[PDB]
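Peer 1: The following block contains the structure, expressed as structure tokens.
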Amino acid sequence: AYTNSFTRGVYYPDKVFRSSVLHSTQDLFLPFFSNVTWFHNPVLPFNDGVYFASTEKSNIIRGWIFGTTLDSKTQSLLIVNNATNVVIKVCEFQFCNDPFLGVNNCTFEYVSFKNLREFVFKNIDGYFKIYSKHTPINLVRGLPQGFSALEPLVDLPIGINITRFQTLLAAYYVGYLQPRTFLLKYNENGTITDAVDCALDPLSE
Amino acid sequence: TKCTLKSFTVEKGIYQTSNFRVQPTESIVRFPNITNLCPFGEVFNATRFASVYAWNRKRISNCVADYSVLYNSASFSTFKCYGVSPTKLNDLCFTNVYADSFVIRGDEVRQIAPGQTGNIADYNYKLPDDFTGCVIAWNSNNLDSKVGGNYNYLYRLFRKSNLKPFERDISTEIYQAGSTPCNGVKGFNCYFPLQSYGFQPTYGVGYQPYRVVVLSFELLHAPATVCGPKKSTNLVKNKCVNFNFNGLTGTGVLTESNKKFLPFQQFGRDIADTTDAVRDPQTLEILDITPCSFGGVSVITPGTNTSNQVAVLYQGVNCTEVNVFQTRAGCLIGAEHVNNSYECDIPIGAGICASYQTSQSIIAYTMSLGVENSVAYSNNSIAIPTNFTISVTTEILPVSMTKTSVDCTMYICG
Amino acid sequence: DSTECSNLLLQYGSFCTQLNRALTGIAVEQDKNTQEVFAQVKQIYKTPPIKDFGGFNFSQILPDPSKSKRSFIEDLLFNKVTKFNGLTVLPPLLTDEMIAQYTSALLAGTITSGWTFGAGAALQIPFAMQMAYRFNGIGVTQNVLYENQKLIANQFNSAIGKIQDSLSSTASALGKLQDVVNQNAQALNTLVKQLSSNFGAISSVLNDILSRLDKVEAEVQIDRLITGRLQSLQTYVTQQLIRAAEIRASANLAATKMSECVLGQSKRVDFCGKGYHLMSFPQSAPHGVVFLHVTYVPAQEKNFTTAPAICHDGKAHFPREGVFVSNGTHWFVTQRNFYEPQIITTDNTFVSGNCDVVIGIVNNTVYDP
Amino acid sequence: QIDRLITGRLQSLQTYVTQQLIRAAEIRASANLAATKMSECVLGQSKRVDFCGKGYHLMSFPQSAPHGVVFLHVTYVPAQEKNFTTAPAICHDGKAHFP
Amino acid sequence: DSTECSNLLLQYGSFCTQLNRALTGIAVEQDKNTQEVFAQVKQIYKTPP
Ligand SMILES: *[C@@H]1O[C@H](CO)[C@@H](O)[C@H](O)[C@H]1NC(C)=O
Ligand SMILES: *[C@@H]1O[C@H](CO)[C@@H](O)[C@H](O)[C@H]1NC(C)=O
Ligand SMILES: *[C@@H]1O[C@H](CO)[C@@H](O)[C@H](O)[C@H]1NC(C)=O
Ligand SMILES: *[C@@H]1O[C@H](CO)[C@@H](O)[C@H](O)[C@H]1NC(C)=O
Ligand SMILES: *[C@@H]1O[C@H](CO)[C@@H](O)[C@H](O)[C@H]1NC(C)=O
Ligand SMILES: *[C@@H]1O[C@H](CO)[C@@H](O)[C@H](O)[C@H]1NC(C)=O
Ligand SMILES: *[C@@H]1O[C@H](CO)[C@@H](O)[C@H](O)[C@H]1NC(C)=O
Ligand SMILES: *[C@@H]1O[C@H](CO)[C@@H](O)[C@H](O)[C@H]1NC(C)=O
């Protein structure tokens, strides 16, 4: 099953301040009005990059795992939630379908319906990066029509090969990034505050 | 001006001759506060190093490096470098670094060199002929030796074959020195591979223990995790300066700003993509990099046949930056601000013109548009001419260029 | 500021002087254009204290001394019309206040003295007499002004009011001036953005090449950027030369409309605005000029029966100036641009030969004064 | 080496020919203006203010000059004015007379 | 349309875009000229029988 993404999944493409101005970029982005997959669960492919979002009340989702294998032979990427903060590791665990109860050959380690949180997970070959946003919403399962940009959380200098991912365990959503041009409007205070998916339609073009 | 026009006579006018450009008054650098310094000293101060056949390896990553903190100290019995000179290592970046550490007798330390042959080089730690890195060594007879001998510091005298470059191997087998079938037990012609120096405090220096660390480096397809020092200076505002922020080099006036960068934003840009502000990595400051002051320099002159005097216009410059006169066109220098208005002799800009006049000097003034004349209009008054002049007014128009032709094959090649 | 690039740039010889000369030529020509358009007046004529212009009301187009002392209509024009990487902008020689002194002088001459200030010393004349000469210049007899003077004053004043409303209402009207500003903004911004282009070199940031490469490689990569930036600058300078010739063709047209439509009255049909021309007033505007062309347009016609000539004693009478017309019953002659019937007489008309030769002649009487 | 000298000399010649085309278009505008002043100011009498020199135009004489033409515009300029009282019309018998 | 050249031509920057703007200026002006020459008339007058 599917749902309309409206104008969600925009993110700050570079660490640059700009003010009262329109800037153009081509990068991996979620298209406007795209079909995200509706959920309220299994292993999924990564393609070239992932958008993930959920309407969890109190950071309910326990984490994620990413890699080629997600089972031994090489370190898979592991990410875990502790309240407002995040634990990260890369390890060669080989668990069954309950990895949250399985809880290692590891080579990197780090620590950081009223609400909706949004995340972008991105390999860049110049290592791996994560972007996110947190917002209150109306008490509705479908993604509301609205605008904000996901901000960079971390750069992981890890070099892990990724082709699939899984969630560690309300409504939630998945979509995929595509190489697309976007026009980005910045307000006075450096903030991306409107955008156009350049390829969307002849008026947008 | 004579050299600008390629002539010994300059006719009356104004001529651009050069560009004024404020020089950088000093050089500035900023990078974050010195943090994540690589733990080389924590390896060097470890309580003991291994038996040299199974030398300790520590992987080093995600850190800034200054190897001169190590090699400047004459406290070691030796500090030597191979493939690269010690100073250069402070410039470099690497994906991984390794500290490789062990104990050897004072006579055998010579085997730690590029492409060596002998017990340690072939069977314990093979440095290749193209080894890039450094060797740190010191006497440890006060640390490692014991009465009756210490055996925690063995060396592999025997192995099947020579080790590969930087190879670590824990394999052991009994060496058959003769006809005896050894079959994995000690005996006559059946020597144990891990020989003991048996270190004692009374030993002569060639038998005494030496602790050694060797530094080994790699830069890979996976990008660097180690780099040289985060260089920095004081941060002088409100002067034109050469600068560098986190590797963004330039020259400009570093000015205070109210520009609210988001927490992750490092650099700021204007409409034409040109950089206009930066974060100081050593504070919370966002500084606007106003461009360093510059402009065309033009020389005002009467014709050289009449006088040699000259005056200068610093186009768009403020006279803080350069007889002086600030104008909307720039600084006049060498011309009098006479202010009383006249016909425009030599044009300048924004209503200023200049002339050479009487006791003689160059003067600059707001130009006159001609004499004022209030027409005596009223609802019943007319003026009628009672007489005329015929007049003859010359007008001149060009009609033809000089007819010119070029053979492109003869001009280009010939 | 790279010395390394500066030394390599010498190998291209005169190009980097030649392009700076070509822009200097364009820059000097802008003051030549502005002088040939506005500096046609010999002396700074001034408006009289009492605005006693026979009922006409120039207060919207004359200077407001309380304000740069522009007119009201000049202010609308200055309101509707709407980084330093080695580029420099330069000031115009005449400031916007000096242009407003010339458009004040040209206007105050045109109001108080007709064309005369454009042909010699200015001669004062009452405004309702100046308009009688300008009407007489279009084949409408002087008395058609005087018999309608308040009506003509109200039409002129009302029409000035409609221009003030029109220019106040929309920013889309000044397209010819706004496009000059927009084209130069696009040219300068494109010339700047081309600094960031790689031109097939390793980077467009010169400091990369100056720190990452040895001289023998850095020379090749810099020479790619020089080849790119130099071809960029030559293309911009060539477009500014072509655009300067396009604006010169408009400046010579404006200088010609200043000399003919302001300093005179032009018989060039549809040159100084549509309709028969009476006069025009210049108003200054940023990077340009605005003419308020005042024109007479005939507007409420009647049909008539007409004849090329009329017989009398077998001789044919032609109209001296004007046309023969009839209300079906009686024959009259009129001036041809405004219906005003005159009784046909031997001073209104001239004889030439006999009634045989003229095709389509008619009879009636010609009266003897 | 020859390919660099070709590219340099060729781009330099392209610049000259491009600037000569633009300069020749300015001279054509001047030659058409001269042919217009020849047609009106010499072969006629231009009733166009300040076209055939300042003042009211009478006639003009062309004179040759190297690469151009010189016009000697003969013009009438009024020169010694007197002030007068004036009126647009005058009565004689309740009828109004105009000049 | 051979992609290996297009991936190089992007590195030459604004050139191949501004040439379409320059030719569009020429192309629009051909209509403006033809408008100003012929469309001076206020109505489509037509000749009597
Ligand atoms: C020139 O600079 C000084 C010092 O900043 C300032 O006082 C003055 O107002 C400036 N004048 C102009 C015209 O920029
Ligand atoms: C203007 O210049 C004159 C000399 O030409 C001088 O007497 C006068 O004081 C000056 N006035 C000002 C306001 O500078
Ligand atoms: C008219 O002016 C000329 C000089 O232009 C003078 O010689 C002549 O005497 C004047 N005639 C009258 C009647 O004023
Ligand atoms: C002229 O126009 C002004 C407004 O511009 C108006 O106030 C004034 O009453 C009008 N009439 C006269 C005779 O000034
Ligand atoms: C003039 O006469 C023609 C033919 O009778 C008629 O079509 C036209 O409407 C008339 N126009 C006026 C203004 O009376
Ligand atoms: C005018 O037109 C009609 C039809 O052509 C004709 O009968 C009449 O004789 C013509 N009159 C003249 C003066 O040509
Ligand atoms: C005018 O009147 C004469 C007789 O006096 C007559 O012969 C002639 O045909 C008339 N002409 C016209 C055009 O009606
Ligand atoms: C005309 O009369 C006025 C007022 O008396 C005077 O200002 C003006 O100078 C006179 N002009 C001539 C040519 O006498």
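Identifiers for the structure tokens are assigned positionally: chains receive A, B, ... in sequence, residues are indexed from 1 per chain, and ligands are indexed from 1 in the order shown.
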Please identify all protein, DNA and RNA residues within 7 Å of ligand 3, counting only C-alpha atoms and all ligand atoms, and report them as a list in words.

Peer 2: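 Those within range of ligand 3 are residues 386, 387, 388 and 389 of chain B.
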
Peer 1: All residues within 12 Å of ligand 5 are required, counting only C-alpha atoms and all ligand atoms; please report them as JSON, numbers by chain.

Peer 2: {"C": [299, 300, 301, 302, 303, 304, 305], "E": [48]}

Peer 1: Output N, CA, C and O atoms for every residue in the selection just made, as a PDB file, in the first residue's frame.

Peer 2:
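result33.pdb, freshly written:
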```pdb
ATOM      1  N   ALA C 299     -12.132  63.715 -33.712  1.00  0.00           N
ATOM      2  CA  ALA C 299     -12.837  62.687 -32.935  1.00  0.00           C
ATOM      3  C   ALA C 299     -14.355  62.513 -33.139  1.00  0.00           C
ATOM      4  O   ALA C 299     -14.900  61.528 -32.648  1.00  0.00           O
ATOM      5  N   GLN C 300     -15.068  63.416 -33.812  1.00  0.00           N
ATOM      6  CA  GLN C 300     -16.528  63.310 -33.982  1.00  0.00           C
ATOM      7  C   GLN C 300     -16.953  63.811 -35.360  1.00  0.00           C
ATOM      8  O   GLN C 300     -17.400  64.946 -35.512  1.00  0.00           O
ATOM      9  N   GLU C 301     -16.717  63.033 -36.406  1.00  0.00           N
ATOM     10  CA  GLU C 301     -16.994  63.435 -37.784  1.00  0.00           C
ATOM     11  C   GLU C 301     -18.465  63.387 -38.193  1.00  0.00           C
ATOM     12  O   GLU C 301     -19.265  62.643 -37.633  1.00  0.00           O
ATOM     13  N   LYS C 302     -18.790  64.155 -39.233  1.00  0.00           N
ATOM     14  CA  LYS C 302     -20.032  64.059 -40.002  1.00  0.00           C
ATOM     15  C   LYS C 302     -19.690  63.760 -41.454  1.00  0.00           C
ATOM     16  O   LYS C 302     -18.659  64.226 -41.931  1.00  0.00           O
ATOM     17  N   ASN C 303     -20.540  63.020 -42.161  1.00  0.00           N
ATOM     18  CA  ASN C 303     -20.446  62.878 -43.614  1.00  0.00           C
ATOM     19  C   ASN C 303     -20.933  64.157 -44.304  1.00  0.00           C
ATOM     20  O   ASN C 303     -21.834  64.817 -43.795  1.00  0.00           O
ATOM     21  N   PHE C 304     -20.449  64.444 -45.509  1.00  0.00           N
ATOM     22  CA  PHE C 304     -20.951  65.518 -46.359  1.00  0.00           C
ATOM     23  C   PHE C 304     -20.848  65.163 -47.838  1.00  0.00           C
ATOM     24  O   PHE C 304     -19.926  64.464 -48.253  1.00  0.00           O
ATOM     25  N   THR C 305     -21.739  65.725 -48.653  1.00  0.00           N
ATOM     26  CA  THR C 305     -21.531  65.828 -50.101  1.00  0.00           C
ATOM     27  C   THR C 305     -20.493  66.904 -50.381  1.00  0.00           C
ATOM     28  O   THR C 305     -20.524  67.966 -49.767  1.00  0.00           O
TER      29      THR C 305
ATOM     30  N   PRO E  48     -13.882  49.455 -50.789  1.00  0.00           N
ATOM     31  CA  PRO E  48     -15.261  49.367 -51.270  1.00  0.00           C
ATOM     32  C   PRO E  48     -15.421  48.446 -52.496  1.00  0.00           C
ATOM     33  O   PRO E  48     -14.446  48.137 -53.189  1.00  0.00           O
TER      34      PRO E  48
END
```

Peer 1: Which neighbours of stretch 101-105 of chain A fall inside 8 Å, counting only C-alpha atoms, when residues of the same chain fewer than 6 positions from it are skipped, and could you give them as a ChimeraX atom specification?

Peer 2: /A:75,91-93,95

Peer 1: Okay, now the selection with C-alpha atoms, as a short mmCIF file (atom, residue, chain, number, x, y, z; two decimals), in the first residue's frame?

Peer 2:
```
data_model
loop_
_atom_site.label_atom_id
_atom_site.label_comp_id
_atom_site.auth_asym_id
_atom_site.auth_seq_id
_atom_site.Cartn_x
_atom_site.Cartn_y
_atom_site.Cartn_z
CA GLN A 75 30.50 -5.53 9.48
CA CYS A 91 29.44 -5.36 13.63
CA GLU A 92 29.25 -8.84 11.96
CA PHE A 93 26.28 -10.25 14.00
CA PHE A 95 20.98 -13.12 14.29
#
```

Peer 1: Would you list the residues that come within 9 Å of ligand 2? Count only C-alpha atoms and all ligand atoms and give the answer as a ChimeraX atom specification.

Peer 2: /B:337-341,365

Peer 1: With N, CA and C atoms kept, could you save the residues just selected as a short mmCIF file (atom, residue, chain, number, x, y, z; two decimals), in the first residue's frame?

Peer 2:
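File written: selection08.cif
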```
data_model
loop_
_atom_site.label_atom_id
_atom_site.label_comp_id
_atom_site.auth_asym_id
_atom_site.auth_seq_id
_atom_site.Cartn_x
_atom_site.Cartn_y
_atom_site.Cartn_z
N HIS B 337 40.00 71.29 -4.02
CA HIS B 337 38.54 71.39 -3.92
C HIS B 337 38.11 72.86 -3.94
N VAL B 338 37.90 73.41 -5.13
CA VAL B 338 37.60 74.84 -5.29
C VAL B 338 36.12 75.17 -5.11
N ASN B 339 35.25 74.15 -5.19
CA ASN B 339 33.78 74.14 -5.15
C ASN B 339 32.99 75.12 -6.07
N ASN B 340 33.45 76.35 -6.31
CA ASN B 340 32.83 77.27 -7.27
C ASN B 340 32.76 76.65 -8.67
N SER B 341 31.60 76.73 -9.32
CA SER B 341 31.31 75.98 -10.54
C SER B 341 31.72 76.69 -11.84
N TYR B 365 35.89 70.77 -9.26
CA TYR B 365 34.68 71.55 -8.99
C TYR B 365 33.44 70.83 -9.49
#
```

Peer 1: Mind dumping a table of every chain D residue within 9 Å of ligand 8, with the nearest atom pair and its distance in Å to one decimal, using only C-alpha atoms and all ligand atoms, sorted by chain and rising number, as a tab-separated table?

Peer 2:
```
residue	atom	partner	partner_atom_place_in_ligand_line	distance
D:80	CA	ligand 8	13 (C)	7.6
D:81	CA	ligand 8	13 (C)	5.3
D:82	CA	ligand 8	13 (C)	4.8
D:83	CA	ligand 8	1 (C)	5.0
D:84	CA	ligand 8	1 (C)	8.0
```

Peer 1: Listing only residues of chain C within 8 Å of chain B, what is the closest atom pair and its distance in Å (to one decimal) for each, using only C-alpha atoms, sorted by chain and residue number ascending, as a tab-separated table?

Peer 2:
```
residue	atom	partner	partner_atom	distance
C:42	CA	B:370	CA	7.1
C:43	CA	B:370	CA	5.1
C:44	CA	B:372	CA	4.5
C:45	CA	B:373	CA	4.8
C:46	CA	B:374	CA	4.8
C:47	CA	B:374	CA	6.9
C:48	CA	B:377	CA	6.6
C:52	CA	B:379	CA	6.5
C:53	CA	B:379	CA	7.3
C:54	CA	B:379	CA	7.3
C:83	CA	B:272	CA	6.5
C:84	CA	B:291	CA	7.6
C:88	CA	B:295	CA	7.4
C:90	CA	B:329	CA	7.8
C:91	CA	B:349	CA	5.7
C:92	CA	B:350	CA	6.0
C:93	CA	B:349	CA	4.3
C:94	CA	B:351	CA	5.3
C:95	CA	B:350	CA	5.2
C:98	CA	B:351	CA	7.6
C:102	CA	B:369	CA	7.9
C:109	CA	B:375	CA	7.8
C:112	CA	B:377	CA	5.9
C:113	CA	B:375	CA	7.9
C:122	CA	B:375	CA	7.4
C:123	CA	B:383	CA	5.2
C:124	CA	B:377	CA	5.2
C:125	CA	B:382	CA	4.5
C:126	CA	B:379	CA	4.9
C:127	CA	B:379	CA	7.3
C:189	CA	B:272	CA	6.3
C:192	CA	B:272	CA	6.7
C:193	CA	B:272	CA	6.3
C:207	CA	B:249	CA	7.5
```

Peer 1: For chain C, work out the contacting residues on chain E at 8 Å, counting only C-alpha atoms, and write them as a PyMOL selection string.

Peer 2: chain E and resi 8+11-14

Peer 1: Using only C-alpha atoms and all ligand atoms, what are the residues with an atom within 12 Å of ligand 6, set out as a PyMOL selection string?

Peer 2: (chain C and resi 305-309+358-362) or (chain E and resi 48-49)

Peer 1: Pull N, CA and C atoms from the residues just selected and write them as an mmCIF file, in the first residue's frame.

Peer 2:
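Output file part08.cif follows:
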```cif
data_model
loop_
_atom_site.group_PDB
_atom_site.id
_atom_site.type_symbol
_atom_site.label_atom_id
_atom_site.label_comp_id
_atom_site.auth_asym_id
_atom_site.auth_seq_id
_atom_site.Cartn_x
_atom_site.Cartn_y
_atom_site.Cartn_z
ATOM 1 N N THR C 305 -21.739 65.725 -48.653
ATOM 2 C CA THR C 305 -21.531 65.828 -50.101
ATOM 3 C C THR C 305 -20.493 66.904 -50.381
ATOM 4 N N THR C 306 -19.576 66.648 -51.304
ATOM 5 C CA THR C 306 -18.445 67.514 -51.645
ATOM 6 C C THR C 306 -18.236 67.596 -53.148
ATOM 7 N N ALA C 307 -17.506 68.599 -53.605
ATOM 8 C CA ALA C 307 -17.184 68.808 -55.001
ATOM 9 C C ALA C 307 -15.748 69.325 -55.112
ATOM 10 N N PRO C 308 -14.997 68.987 -56.165
ATOM 11 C CA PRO C 308 -13.591 69.356 -56.283
ATOM 12 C C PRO C 308 -13.388 70.854 -56.480
ATOM 13 N N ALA C 309 -14.373 71.511 -57.076
ATOM 14 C CA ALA C 309 -14.432 72.915 -57.430
ATOM 15 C C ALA C 309 -15.901 73.301 -57.583
ATOM 16 N N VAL C 358 -12.822 70.284 -65.533
ATOM 17 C CA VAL C 358 -12.904 69.697 -64.191
ATOM 18 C C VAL C 358 -13.919 68.554 -64.194
ATOM 19 N N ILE C 359 -13.501 67.332 -63.866
ATOM 20 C CA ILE C 359 -14.434 66.214 -63.666
ATOM 21 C C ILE C 359 -15.186 66.418 -62.350
ATOM 22 N N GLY C 360 -16.514 66.306 -62.357
ATOM 23 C CA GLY C 360 -17.317 66.296 -61.128
ATOM 24 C C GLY C 360 -17.549 67.653 -60.457
ATOM 25 N N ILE C 361 -17.346 68.763 -61.160
ATOM 26 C CA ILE C 361 -17.712 70.109 -60.695
ATOM 27 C C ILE C 361 -19.221 70.242 -60.415
ATOM 28 N N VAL C 362 -19.632 71.220 -59.603
ATOM 29 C CA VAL C 362 -21.042 71.547 -59.284
ATOM 30 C C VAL C 362 -21.292 73.044 -59.420
ATOM 31 N N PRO E 48 -13.882 49.455 -50.789
ATOM 32 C CA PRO E 48 -15.261 49.367 -51.270
ATOM 33 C C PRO E 48 -15.421 48.446 -52.496
ATOM 34 N N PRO E 49 -16.657 48.023 -52.819
ATOM 35 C CA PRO E 49 -16.942 47.252 -54.026
ATOM 36 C C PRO E 49 -16.704 48.061 -55.313
#
```

Peer 1: Could you give me, as a list in words, the residues within 9 Å of residue A:165, counting only C-alpha atoms and dropping anything in the same chain fewer than 5 positions from it?

Peer 2: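 Near residue A:165, the qualifying residues are residues 43, 44, 45, 46, 64, 65, 66, 67, 68 and 70 of chain A.
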
Peer 1: Selected residues, N, CA, C and O atoms, written as a short mmCIF file (atom, residue, chain, number, x, y, z; two decimals), in the first residue's frame, please.

Peer 2:
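Output file part-v2.cif is given in full below:
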```
data_model
loop_
_atom_site.label_atom_id
_atom_site.label_comp_id
_atom_site.auth_asym_id
_atom_site.auth_seq_id
_atom_site.Cartn_x
_atom_site.Cartn_y
_atom_site.Cartn_z
N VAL A 43 12.31 -6.47 6.31
CA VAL A 43 13.54 -6.04 5.62
C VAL A 43 13.19 -5.37 4.28
O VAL A 43 12.29 -5.83 3.57
N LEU A 44 13.92 -4.32 3.90
CA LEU A 44 13.71 -3.54 2.68
C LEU A 44 15.04 -3.24 1.96
O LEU A 44 16.10 -3.17 2.60
N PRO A 45 15.04 -3.05 0.63
CA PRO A 45 16.22 -2.58 -0.10
C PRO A 45 16.54 -1.13 0.27
O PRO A 45 15.69 -0.40 0.78
N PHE A 46 17.77 -0.69 0.00
CA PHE A 46 18.23 0.69 0.21
C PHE A 46 18.21 1.54 -1.08
O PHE A 46 18.16 2.77 -1.01
N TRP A 64 17.84 0.69 13.73
CA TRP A 64 17.94 0.16 12.37
C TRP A 64 19.26 -0.61 12.17
O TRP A 64 20.26 -0.34 12.85
N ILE A 65 19.29 -1.52 11.20
CA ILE A 65 20.50 -2.19 10.72
C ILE A 65 20.56 -2.06 9.20
O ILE A 65 19.54 -2.20 8.53
N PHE A 66 21.75 -1.83 8.65
CA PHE A 66 22.01 -1.61 7.22
C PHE A 66 23.24 -2.39 6.77
O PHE A 66 24.20 -2.54 7.53
N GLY A 67 23.29 -2.85 5.52
CA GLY A 67 24.47 -3.51 4.98
C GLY A 67 24.21 -4.21 3.65
O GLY A 67 23.16 -4.02 3.04
N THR A 68 25.17 -5.03 3.20
CA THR A 68 24.94 -6.05 2.17
C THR A 68 24.39 -7.34 2.77
O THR A 68 23.36 -7.83 2.32
N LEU A 70 23.66 -8.08 6.38
CA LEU A 70 22.88 -8.02 7.63
C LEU A 70 22.98 -9.32 8.47
O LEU A 70 22.16 -9.58 9.35
#
```
